[PDB]
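Working notes, structure below.
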Amino acid sequence: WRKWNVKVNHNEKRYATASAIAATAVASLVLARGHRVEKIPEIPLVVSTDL
Amino acid sequence: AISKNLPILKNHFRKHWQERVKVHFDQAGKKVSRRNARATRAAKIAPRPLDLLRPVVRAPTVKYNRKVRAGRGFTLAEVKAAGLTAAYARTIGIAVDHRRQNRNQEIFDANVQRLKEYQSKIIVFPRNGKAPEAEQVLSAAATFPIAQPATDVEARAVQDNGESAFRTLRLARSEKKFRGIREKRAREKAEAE
Amino acid sequence: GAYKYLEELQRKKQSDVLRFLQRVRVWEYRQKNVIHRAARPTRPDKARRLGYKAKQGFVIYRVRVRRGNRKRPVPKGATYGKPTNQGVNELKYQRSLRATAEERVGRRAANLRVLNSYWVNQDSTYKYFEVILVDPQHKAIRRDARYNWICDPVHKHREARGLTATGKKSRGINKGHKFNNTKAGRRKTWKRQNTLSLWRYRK
Amino acid sequence: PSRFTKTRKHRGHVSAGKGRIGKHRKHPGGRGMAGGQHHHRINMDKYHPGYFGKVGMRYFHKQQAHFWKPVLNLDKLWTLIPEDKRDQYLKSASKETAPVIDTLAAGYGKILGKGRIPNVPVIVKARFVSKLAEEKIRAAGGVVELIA
Amino acid sequence: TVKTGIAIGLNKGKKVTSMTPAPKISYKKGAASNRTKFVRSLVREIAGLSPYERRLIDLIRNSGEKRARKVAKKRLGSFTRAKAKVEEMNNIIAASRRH
RNA sequence: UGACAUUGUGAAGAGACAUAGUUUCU
RNA sequence: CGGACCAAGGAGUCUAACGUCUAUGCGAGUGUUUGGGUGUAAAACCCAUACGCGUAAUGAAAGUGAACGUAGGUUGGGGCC
RNA sequence: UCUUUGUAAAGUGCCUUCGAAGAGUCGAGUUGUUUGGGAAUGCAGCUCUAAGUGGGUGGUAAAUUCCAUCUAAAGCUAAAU
RNA sequence: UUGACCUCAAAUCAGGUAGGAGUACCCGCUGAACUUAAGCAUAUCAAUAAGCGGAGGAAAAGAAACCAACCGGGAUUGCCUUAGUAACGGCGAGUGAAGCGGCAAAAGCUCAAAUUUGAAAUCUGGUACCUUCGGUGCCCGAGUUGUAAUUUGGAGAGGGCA
Ligand SMILES: [Mg+2]
Ligand SMILES: [Mg+2]
Ligand SMILES: [Mg+2]
Ligand SMILES: [Mg+2]
Ligand SMILES: [Mg+2]
Ligand SMILES: [Mg+2]
Ligand SMILES: [Mg+2]
Ligand SMILES: [Mg+2]
Ligand SMILES: [Mg+2]
Ligand SMILES: [Mg+2]
Ligand SMILES: [Mg+2]
Ligand SMILES: [Mg+2]
Ligand SMILES: [Mg+2]
Ligand SMILES: [Mg+2]
Ligand SMILES: [Mg+2]
Ligand SMILES: [Mg+2]
Ligand SMILES: [Mg+2]
Ligand SMILES: [Mg+2]
Ligand SMILES: [Mg+2]
Ligand SMILES: [Mg+2]
Ligand SMILES: [Mg+2]
Ligand SMILES: [Mg+2]
Ligand SMILES: [Mg+2]
Ligand SMILES: [Mg+2]
Ligand SMILES: [Mg+2]
Ligand SMILES: [Mg+2]
Ligand SMILES: [Mg+2]
Ligand SMILES: [Mg+2]
Ligand SMILES: [Mg+2]
Ligand SMILES: [Mg+2]
Ligand SMILES: [Mg+2]
Ligand SMILES: [Mg+2]
Ligand SMILES: [Mg+2]
Ligand SMILES: [Mg+2]
Ligand SMILES: [Mg+2]
Ligand SMILES: [Mg+2]
Ligand SMILES: [Mg+2]
Ligand SMILES: [Mg+2]
Ligand SMILES: [Mg+2]
Ligand SMILES: [Mg+2]
Ligand SMILES: [Mg+2]
Ligand SMILES: [Mg+2]
Ligand SMILES: [Mg+2]
Ligand SMILES: [Mg+2]
Ligand SMILES: [Mg+2]
Ligand SMILES: [Mg+2]
Ligand SMILES: [Mg+2]
Ligand SMILES: [Mg+2]
Ligand SMILES: [Mg+2]
Ligand SMILES: [Mg+2]
Ligand SMILES: [Mg+2]
Ligand SMILES: [Mg+2]
Ligand SMILES: [Mg+2]
Ligand SMILES: [Mg+2]
Ligand SMILES: [Mg+2]
Ligand SMILES: [Mg+2]
Ligand SMILES: [Mg+2]
Ligand SMILES: [Mg+2]
Ligand SMILES: [Mg+2]
Ligand SMILES: [Mg+2]
Ligand SMILES: [Mg+2]
Ligand SMILES: [Mg+2]
Ligand SMILES: [Mg+2]
Ligand SMILES: [Mg+2]
Ligand SMILES: [Mg+2]
Ligand SMILES: [Mg+2]
Ligand SMILES: [Mg+2]
Ligand SMILES: [Mg+2]
Ligand SMILES: [Mg+2]
Ligand SMILES: [Mg+2]
Ligand SMILES: [Mg+2]
Ligand SMILES: [Mg+2]
Ligand SMILES: [Mg+2]
Ligand SMILES: [Mg+2]
Ligand SMILES: [Mg+2]
Ligand SMILES: [Mg+2]
Ligand SMILES: [Mg+2]
Ligand SMILES: [Mg+2]
Ligand SMILES: [Mg+2]
Ligand SMILES: [Mg+2]
Ligand SMILES: [Mg+2]
Ligand SMILES: [Mg+2]
Ligand SMILES: [Mg+2]
Ligand SMILES: [Mg+2]
Ligand SMILES: [Mg+2]
Ligand SMILES: [Mg+2]
Ligand SMILES: [Mg+2]
Ligand SMILES: [Mg+2]
Ligand SMILES: [Mg+2]
Ligand SMILES: [Mg+2]
Ligand SMILES: [Mg+2]
Ligand SMILES: [Mg+2]
Ligand SMILES: [Mg+2]
Ligand SMILES: [Mg+2]
């Protein structure tokens, strides 16, 4: 009966994931994260819906 | 074990409680299991729709009578008035409550019209064979939602006959308070020889 | 019908006719064995209203159980413990003699299912009961959609689990605010209200 | 988490921060609320005056709900109207057409009068008013309509 | 009834257009029936009176419907079953050892 | 040790409606 | 007083309910996770009705229930003009 | 797909007469136990023991008058647990 | 003398059933003390452990002698809540439910008491055949001290009419 799961406020949760989306642009953070992206067209990387 | 300026707590842990701890580890389990259970009932139940038709009902007590709320079943009166029998209404996915009684006309017309619309929006396959596949609507509750009865209009003319409302309340309160006494003044007085 | 007359007569146990019978009957039962099989119901109107039937596979059994308090055994009265538990002598047992009566016959006739039982008589030592049982292997019952529920395995020794009428009584099983403690089944409900329930997302 | 806990920091010093004279024994004061009339009374009077003894009446089988009666002040009140609809009635305050507010529909039981509402006529349906609440409504040209 | 329409006071409540439903037999569970009049009446004269009922009609004829009630209250359970038991004894007396 | 229940049938004697016999005790 | 010697075990934990403090979300509100929806399936994503705490107090109770006034006067007040 | 089970069985409208409904039980005193249940929450023992416009319940004992609400002392029964 | 009836016996009589195990969970019985109260007897631990009887895949509960007091609700069970509250308590230590509301699942019924009385209409067993979880014929037997149809309070029954 140790606490295993954790409650996060639904709204704080969105803020977090919103922020995480926001920084998927920002070339530098992506590079800083691993992610070999020096040779890609642009950021964000939008691709054809045919994918 | 009394110290500091702390609120006095009441943590009832003096029986062998560690023996009776229920961790709902199977919470996700039992939801998966409940979803599958309904997906089987859906398929067993042919195009029939998982639930029965429930009536409108006014919730009891001074705290919940504002709201209206699905009741158990439709009373023998409403069923008849809506033109079918108890015995048969059951086989047509209509819940009937032999215990509920009708004292309010509004609710009564409400449920009898609720039964009209139910009948008009279903189809009952023949006993024969055919079984003209007609795909299940899954609820019925969703199909025939229960809505709160509208009680008035947004705006209207201010009528002030001039009587305090507050003082109407005090007076009505008082009249009840001295009702039995003022009756002891009518029995002792009509007794006067 | 003659049944309605018998029923009403039986509510007159202080009437000269009825206590002639009860005094002569109670003497006879005390000469037979404490458990003895009954020829026929001696209250056919009571039996038949508790579920009895006059067809092969319905048994009646008559049983004698002593009266009074349950003397806590306990050698020499010696209790060993606090004074609240020192009682030996006004302790009373939470089951009625009716339950004791059914239970002792139901063991005697293991192959029978005890359906119900009714009181018949009593003196200063003994209460006397007649117990109505059903043979769940007798085809007369195994057929018979009305009584064949008894043949299910969930009704073995229903008299030792408090499921006859008297069992449900002493088990306190009735709806209402007067029965909160014992109603879904006292130990069950105790255990419930004494369960600590923690969710994954603690509330 | 355990890595920030002060007992990690206490490792290596004899007593775990619990003193060499005074130790950390089992229950020195006794368990729980023991001795609130005796060795612990200084702490019960102050911090907890009023703790011992009885007051008022018993009430067998009280059902809260009987006493359900949330309160709302003129203070708010205009908030029970949606904000778009609100400005429509704030302007064009008249008899003939004045908003009806079913404050029981909003789940309130009584209207108190905490203070000052614009001079717009409002028709207030409610179960209970306070003398002031009801008077202050009228000064704006509204009425109270006792409901149930 | 008819509720006044306000939240306190005498007939306190919401005004609602009424209905008064159809009546339930389960409300008539105690009612007589000629079948039960006949049989109880025919039984009474077969088995007669009981020891405490004899002491009850002699107690009326020589002490009245108050000491009878008092002792009947202790004999049965209640003052109310005793009220009704005395009356039964009055009508045992009147209808029999009189007209 | 007392009361009530098991507990019934006679007879003599006391005891009341207040000196017809339903009832109660020796 | 314990300790001949060496290795390996070896003691402020977890839980229910709380006080202060702090960080964060939203704010007269707030809390998705009993449940439903959904899913790449104990995850993540979504959500209706309630409920809980907060928005009113005070009396044992029946009850009543917060603007004389720019929501007061006086004195000190950072800041600003 | 073969037997037609049937001169069978059931549903409904109106008029009339009825309308059976569980006892050593309900209940009451006392004793013990138990319960948050408090002039007594259940249960059991012994004594007393009903009624039929009756009976039970209506969380402060009693007397009177009303009102609300179910229908005990027999019974079966899937799921959610 | 012969044949019944009632009650009671006996068979290596025809066919069957019970025991014992296990027991996590379930229905009951029975029942402590350590402990807590800074001592201790009421209380607490605990209607817990140990002991005893009885079941199932679940058990039990269950179609209101219910909740209420409302504009009333409407079998049971379980969750969220009501609530560490109403209340109990050397009113100390401690204890402590229920109604309403949301939700999961949903489902309902049958006896007794009735004259079939122009027909015991009912049923176990044996036996032969068959299309063998069973049907038919026949024969013993059960059963009127009542086996079936009908009815179950929500009703319902006998008449009469459509
Ligand atoms: Mg958070
Ligand atoms: Mg301090
Ligand atoms: Mg706890
Ligand atoms: Mg302890
Ligand atoms: Mg588990
Ligand atoms: Mg599961
Ligand atoms: Mg469903
Ligand atoms: Mg209503
Ligand atoms: Mg309600
Ligand atoms: Mg077909
Ligand atoms: Mg009688
Ligand atoms: Mg026989
Ligand atoms: Mg000892
Ligand atoms: Mg003790
Ligand atoms: Mg004897
Ligand atoms: Mg309890
Ligand atoms: Mg239980
Ligand atoms: Mg129990
Ligand atoms: Mg969770
Ligand atoms: Mg937490
Ligand atoms: Mg760590
Ligand atoms: Mg560290
Ligand atoms: Mg340090
Ligand atoms: Mg260190
Ligand atoms: Mg320290
Ligand atoms: Mg120190
Ligand atoms: Mg030290
Ligand atoms: Mg020192
Ligand atoms: Mg010191
Ligand atoms: Mg002190
Ligand atoms: Mg206190
Ligand atoms: Mg008090
Ligand atoms: Mg009070
Ligand atoms: Mg005021
Ligand atoms: Mg003597
Ligand atoms: Mg004799
Ligand atoms: Mg030393
Ligand atoms: Mg040494
Ligand atoms: Mg250690
Ligand atoms: Mg810690
Ligand atoms: Mg913040
Ligand atoms: Mg608000
Ligand atoms: Mg989740
Ligand atoms: Mg996905
Ligand atoms: Mg999974
Ligand atoms: Mg989605
Ligand atoms: Mg919803
Ligand atoms: Mg809220
Ligand atoms: Mg609150
Ligand atoms: Mg506060
Ligand atoms: Mg405010
Ligand atoms: Mg105040
Ligand atoms: Mg208040
Ligand atoms: Mg006043
Ligand atoms: Mg003033
Ligand atoms: Mg003034
Ligand atoms: Mg001054
Ligand atoms: Mg009944
Ligand atoms: Mg006594
Ligand atoms: Mg006990
Ligand atoms: Mg009391
Ligand atoms: Mg008691
Ligand atoms: Mg009544
Ligand atoms: Mg009374
Ligand atoms: Mg009702
Ligand atoms: Mg049965
Ligand atoms: Mg059952
Ligand atoms: Mg043999
Ligand atoms: Mg066994
Ligand atoms: Mg066992
Ligand atoms: Mg014990
Ligand atoms: Mg002991
Ligand atoms: Mg211990
Ligand atoms: Mg203590
Ligand atoms: Mg101690
Ligand atoms: Mg100590
Ligand atoms: Mg000691
Ligand atoms: Mg304790
Ligand atoms: Mg105890
Ligand atoms: Mg325990
Ligand atoms: Mg055990
Ligand atoms: Mg099963
Ligand atoms: Mg098995
Ligand atoms: Mg299951
Ligand atoms: Mg019923
Ligand atoms: Mg319910
Ligand atoms: Mg409290
Ligand atoms: Mg306390
Ligand atoms: Mg306890
Ligand atoms: Mg508790
Ligand atoms: Mg609900
Ligand atoms: Mg069924
Ligand atoms: Mg018919
Ligand atoms: Mg029949």
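Residues are referred to by chain and number: the chain letter is A, B, ... according to the order shown in the structure tokens, the number counts from 1 in that chain, and ligands are numbered separately from 1 in the order shown.
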Please find the residues of chain C near chain G - the criterion being any atom within 12 Å, counting only C-alpha atoms (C1' of nucleotides) - and write them as a CSV table (one decimal) with N, CA, C and O atoms, in the first residue's frame.
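Now in iface.csv:
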```
chain,number,residue,atom,x,y,z
C,196,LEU,N,-9.9,-0.6,4.9
C,196,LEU,CA,-9.2,0.6,4.5
C,196,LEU,C,-9.0,0.4,3.0
C,196,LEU,O,-8.4,-0.6,2.5
C,197,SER,N,-9.6,1.3,2.2
C,197,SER,CA,-9.6,1.2,0.8
C,197,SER,C,-8.8,2.4,0.2
C,197,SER,O,-9.2,3.5,0.3
C,198,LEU,N,-7.6,2.0,-0.3
C,198,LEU,CA,-6.7,3.0,-1.0
C,198,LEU,C,-6.8,2.7,-2.5
C,198,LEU,O,-6.6,1.6,-3.0
C,199,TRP,N,-7.0,3.8,-3.3
C,199,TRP,CA,-6.9,3.7,-4.8
C,199,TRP,C,-5.5,4.0,-5.3
C,199,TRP,O,-4.6,4.4,-4.6
C,200,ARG,N,-5.3,3.8,-6.6
C,200,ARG,CA,-4.1,4.2,-7.2
C,200,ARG,C,-3.9,5.7,-7.1
C,200,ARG,O,-2.8,6.2,-6.8
C,201,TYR,N,-4.9,6.4,-7.4
C,201,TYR,CA,-4.8,7.9,-7.3
C,201,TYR,C,-5.5,8.3,-6.0
C,201,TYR,O,-6.7,8.5,-5.9
C,202,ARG,N,-4.7,8.3,-4.9
C,202,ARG,CA,-5.2,8.4,-3.6
C,202,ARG,C,-6.1,9.7,-3.5
C,202,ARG,O,-5.7,10.7,-4.1
C,203,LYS,N,-7.2,9.6,-2.8
C,203,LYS,CA,-8.2,10.6,-2.8
C,203,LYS,C,-8.2,11.5,-1.6
C,203,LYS,O,-8.5,11.1,-0.4
```
Would you list the residues that come within 10 Å of ligand 76? Count only C-alpha atoms (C1' of nucleotides) and all ligand atoms and give the answer as JSON, numbers by chain. {"D": [26, 27, 28, 29, 30, 31], "I": [36, 37, 38, 39]}
Would you mind listing the residues within 10 Å of ligand 86, counting only C-alpha atoms (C1' of nucleotides) and all ligand atoms, as a PyMOL selection string? (chain B and resi 72) or (chain I and resi 64+66-67+73-76)
Using only C-alpha atoms and a cut-off of 7 Å, which residues of chain B sit close to chain D? Please list them as a ChimeraX atom specification. /B:1-3,5,62-63,66,154-158,160,165-166
Based on the selection just made, write N, CA and C atoms of those residues as a CSV table (one decimal), in the first residue's frame.
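Saved as selection-v3.csv:
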```csv
chain,number,residue,atom,x,y,z
B,1,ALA,N,1.7,12.0,24.9
B,1,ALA,CA,1.5,12.2,23.5
B,1,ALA,C,0.5,13.3,23.3
B,2,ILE,N,0.7,14.4,24.0
B,2,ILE,CA,0.0,15.7,23.7
B,2,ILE,C,1.0,16.8,23.8
B,3,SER,N,1.2,17.6,22.7
B,3,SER,CA,2.2,18.6,22.6
B,3,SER,C,2.0,19.5,21.4
B,5,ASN,N,0.8,23.1,19.3
B,5,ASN,CA,-0.5,23.6,19.0
B,5,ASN,C,-1.0,22.9,17.7
B,62,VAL,N,-36.1,17.9,0.8
B,62,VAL,CA,-36.1,19.3,0.6
B,62,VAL,C,-34.8,19.7,-0.1
B,63,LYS,N,-33.8,18.8,-0.3
B,63,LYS,CA,-32.5,19.2,-0.9
B,63,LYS,C,-32.4,18.8,-2.4
B,66,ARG,N,-35.7,19.9,-6.3
B,66,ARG,CA,-35.5,20.8,-7.5
B,66,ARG,C,-35.3,20.0,-8.7
B,154,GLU,N,-37.6,34.3,-19.0
B,154,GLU,CA,-36.4,35.0,-18.6
B,154,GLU,C,-36.8,36.3,-17.9
B,155,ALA,N,-37.8,37.0,-18.4
B,155,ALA,CA,-38.2,38.3,-17.8
B,155,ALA,C,-39.7,38.5,-17.9
B,156,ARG,N,-40.2,39.5,-17.2
B,156,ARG,CA,-41.6,39.5,-16.9
B,156,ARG,C,-41.8,40.8,-16.1
B,157,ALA,N,-43.1,41.1,-15.9
B,157,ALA,CA,-43.4,42.3,-15.2
B,157,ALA,C,-43.4,42.2,-13.7
B,158,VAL,N,-42.7,43.2,-13.1
B,158,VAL,CA,-42.6,43.3,-11.7
B,158,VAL,C,-44.0,43.6,-11.0
B,160,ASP,N,-45.7,44.1,-7.5
B,160,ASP,CA,-45.5,44.3,-6.1
B,160,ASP,C,-46.8,44.6,-5.4
B,165,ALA,N,-42.8,39.5,2.0
B,165,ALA,CA,-42.3,38.1,1.7
B,165,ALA,C,-41.5,37.6,2.9
B,166,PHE,N,-40.5,38.3,3.4
B,166,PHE,CA,-39.9,38.1,4.7
B,166,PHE,C,-41.0,38.0,5.8
```
Which residues of chain G are close to chain D, meaning at most 10 Å apart when you count only C-alpha atoms (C1' of nucleotides), and how do they look as a PyMOL selection string? chain G and resi 12-13+55-56+60-61+64-67
DSSP on the backbone, then: every residue of chain B marked helix (DSSP H, G or I), written as number ranges by chain. B: 17-20, 27-44, 61-64, 75-81, 86-91, 105-120, 166-177, 179-187
Could you save the residues just selected, with C-alpha atoms, as a short mmCIF file (atom, residue, chain, number, x, y, z; two decimals), in the first residue's frame?
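The resulting result24.cif:
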```cif
data_model
loop_
_atom_site.label_atom_id
_atom_site.label_comp_id
_atom_site.auth_asym_id
_atom_site.auth_seq_id
_atom_site.Cartn_x
_atom_site.Cartn_y
_atom_site.Cartn_z
CA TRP B 17 -6.27 -2.88 10.33
CA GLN B 18 -3.27 -3.90 8.26
CA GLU B 19 -5.31 -7.08 7.73
CA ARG B 20 -8.05 -5.25 5.84
CA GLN B 27 -8.67 -0.70 -11.19
CA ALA B 28 -7.46 -0.75 -14.78
CA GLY B 29 -8.05 -4.49 -14.84
CA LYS B 30 -11.71 -4.28 -13.86
CA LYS B 31 -12.38 -1.45 -16.30
CA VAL B 32 -11.00 -3.50 -19.16
CA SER B 33 -13.06 -6.38 -17.79
CA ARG B 34 -16.17 -4.24 -17.52
CA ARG B 35 -15.82 -2.93 -21.06
CA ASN B 36 -15.47 -6.45 -22.46
CA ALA B 37 -18.43 -7.59 -20.35
CA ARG B 38 -20.64 -5.00 -22.04
CA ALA B 39 -19.24 -5.73 -25.48
CA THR B 40 -20.39 -9.30 -24.95
CA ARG B 41 -23.78 -8.34 -23.59
CA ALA B 42 -24.17 -6.03 -26.58
CA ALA B 43 -23.60 -8.93 -28.96
CA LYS B 44 -25.65 -11.48 -27.03
CA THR B 61 -36.41 15.53 0.28
CA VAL B 62 -36.05 19.30 0.61
CA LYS B 63 -32.53 19.15 -0.90
CA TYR B 64 -33.03 17.32 -4.18
CA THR B 75 -46.06 2.53 -12.63
CA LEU B 76 -49.07 0.49 -13.68
CA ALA B 77 -51.01 3.74 -14.29
CA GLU B 78 -48.57 5.30 -16.77
CA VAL B 79 -48.11 2.04 -18.68
CA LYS B 80 -51.89 1.61 -19.13
CA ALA B 81 -52.48 5.29 -19.90
CA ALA B 86 -47.33 -4.30 -17.71
CA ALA B 87 -46.62 -7.86 -18.82
CA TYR B 88 -45.91 -6.80 -22.37
CA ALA B 89 -44.14 -3.49 -21.72
CA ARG B 90 -41.40 -5.53 -20.04
CA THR B 91 -40.63 -7.55 -23.17
CA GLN B 105 -50.12 15.10 -12.92
CA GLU B 106 -47.12 16.86 -14.46
CA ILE B 107 -44.80 13.91 -13.91
CA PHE B 108 -47.61 11.60 -15.05
CA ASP B 109 -48.13 13.24 -18.45
CA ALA B 110 -44.34 13.49 -18.64
CA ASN B 111 -43.83 9.73 -18.39
CA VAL B 112 -46.84 8.83 -20.54
CA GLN B 113 -45.44 11.10 -23.25
CA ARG B 114 -42.07 9.51 -22.56
CA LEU B 115 -43.67 6.15 -23.36
CA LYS B 116 -45.32 7.46 -26.54
CA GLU B 117 -41.98 8.70 -27.90
CA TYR B 118 -40.30 5.43 -26.92
CA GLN B 119 -42.86 3.34 -28.77
CA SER B 120 -42.76 5.64 -31.80
CA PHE B 166 -39.90 38.07 4.67
CA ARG B 167 -42.81 38.95 6.96
CA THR B 168 -45.00 36.44 5.15
CA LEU B 169 -42.39 33.88 6.20
CA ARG B 170 -42.34 34.99 9.83
CA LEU B 171 -46.12 35.01 9.95
CA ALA B 172 -46.51 31.54 8.42
CA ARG B 173 -43.85 30.30 10.83
CA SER B 174 -45.71 31.84 13.77
CA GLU B 175 -49.17 30.60 12.81
CA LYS B 176 -47.84 27.06 12.91
CA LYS B 177 -46.14 27.70 16.24
CA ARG B 179 -51.75 26.52 16.18
CA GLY B 180 -52.12 23.86 18.87
CA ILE B 181 -52.30 26.38 21.69
CA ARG B 182 -54.96 28.48 19.95
CA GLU B 183 -56.84 25.21 19.60
CA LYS B 184 -56.59 24.67 23.35
CA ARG B 185 -58.15 28.13 23.61
CA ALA B 186 -61.06 26.99 21.44
CA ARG B 187 -61.74 23.81 23.43
#
```
Kindly work out which residues sit at most 9 Å from ligand 60, using only C-alpha atoms (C1' of nucleotides) and all ligand atoms, and give the list as a PDB file with C-alpha atoms (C1' of nucleotides), in the first residue's frame.
```
ATOM      1  CA  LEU C  91     -25.819 -16.500  29.402  1.00  0.00           C
ATOM      2  CA  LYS C  92     -28.385 -17.317  26.787  1.00  0.00           C
ATOM      3  CA  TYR C  93     -27.127 -18.457  23.290  1.00  0.00           C
ATOM      4  CA  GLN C  94     -27.881 -16.535  20.154  1.00  0.00           C
TER       5      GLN C  94
ATOM      6  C1'   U H  33     -25.503 -10.191  25.381  1.00  0.00           C
ATOM      7  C1'   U H  34     -24.705  -6.844  21.595  1.00  0.00           C
TER       8        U H  34
ATOM      9  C1'   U I  30     -18.435 -19.928  20.268  1.00  0.00           C
ATOM     10  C1'   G I  31     -14.858 -16.705  22.418  1.00  0.00           C
ATOM     11  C1'   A I  47     -18.331  -8.396  18.498  1.00  0.00           C
TER      12        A I  47
END
```
What does the distance between CA of residue 66 in chain C and CA of residue 125 in chain C come to in Å, to one decimal place? 5.4 Å
Report as number ranges by chain all protein, DNA and RNA residues lying within 9 Å of range 97-103 of chain I, evaluated on only C-alpha atoms (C1' of nucleotides), omitting residues in the same chain fewer than 2 positions from it. B: 59-61, 63-64; C: 177, 180-181; D: 61, 63, 65; G: 34-35, 49-51; H: 36; I: 67-68, 79-82, 86-87
At most 9 Å from ligand 53 (only C-alpha atoms (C1' of nucleotides) and all ligand atoms): residue list as number ranges by chain: D: 67; G: 58-59, 63
Counting only C-alpha atoms (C1' of nucleotides) and all ligand atoms, which protein, DNA or RNA residues come within 8 Å of ligand 73, given as a ChimeraX atom specification? /I:34-35,45
Write to file, as a PDB file, in the first residue's frame, the residues of the selection just made, with N, CA, C and O atoms (P, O5', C5', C4', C3', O3' and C1' of nucleotides).
```pdb
ATOM      1  P     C I  34      -5.025  -8.590  29.737  1.00  0.00           P
ATOM      2  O5'   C I  34      -3.720  -8.659  28.803  1.00  0.00           O
ATOM      3  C5'   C I  34      -2.578  -9.417  29.191  1.00  0.00           C
ATOM      4  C4'   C I  34      -1.535  -9.482  28.103  1.00  0.00           C
ATOM      5  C3'   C I  34      -0.949  -8.163  27.651  1.00  0.00           C
ATOM      6  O3'   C I  34       0.015  -7.649  28.533  1.00  0.00           O
ATOM      7  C1'   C I  34      -1.447  -9.452  25.762  1.00  0.00           C
ATOM      8  P     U I  35      -0.103  -6.127  28.990  1.00  0.00           P
ATOM      9  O5'   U I  35      -0.563  -5.354  27.684  1.00  0.00           O
ATOM     10  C5'   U I  35       0.349  -5.046  26.647  1.00  0.00           C
ATOM     11  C4'   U I  35      -0.371  -4.418  25.490  1.00  0.00           C
ATOM     12  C3'   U I  35      -0.911  -3.035  25.745  1.00  0.00           C
ATOM     13  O3'   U I  35       0.081  -2.042  25.663  1.00  0.00           O
ATOM     14  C1'   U I  35      -2.570  -4.330  24.729  1.00  0.00           C
ATOM     15  P     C I  45     -11.907  -1.867  20.318  1.00  0.00           P
ATOM     16  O5'   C I  45     -10.696  -2.851  20.060  1.00  0.00           O
ATOM     17  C5'   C I  45      -9.492  -2.353  19.533  1.00  0.00           C
ATOM     18  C4'   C I  45      -8.363  -3.174  20.051  1.00  0.00           C
ATOM     19  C3'   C I  45      -8.385  -4.629  19.660  1.00  0.00           C
ATOM     20  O3'   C I  45      -7.906  -4.836  18.355  1.00  0.00           O
ATOM     21  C1'   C I  45      -7.882  -4.427  21.954  1.00  0.00           C
TER      22        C I  45
END
```
Dump as a Markdown table the rows for residues of chain G within 8 Å of ligand 46: closest atom pair and distance in Å with one decimal, only C-alpha atoms (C1' of nucleotides) and all ligand atoms counted, ordered by chain and rising residue number.
```
| residue | atom | partner | partner_atom_place_in_ligand_line | distance |
| --- | --- | --- | --- | --- |
| G:37 | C1' | ligand 46 | 1 (Mg) | 7.5 |
| G:38 | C1' | ligand 46 | 1 (Mg) | 5.9 |
| G:45 | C1' | ligand 46 | 1 (Mg) | 5.6 |
| G:46 | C1' | ligand 46 | 1 (Mg) | 4.4 |
```
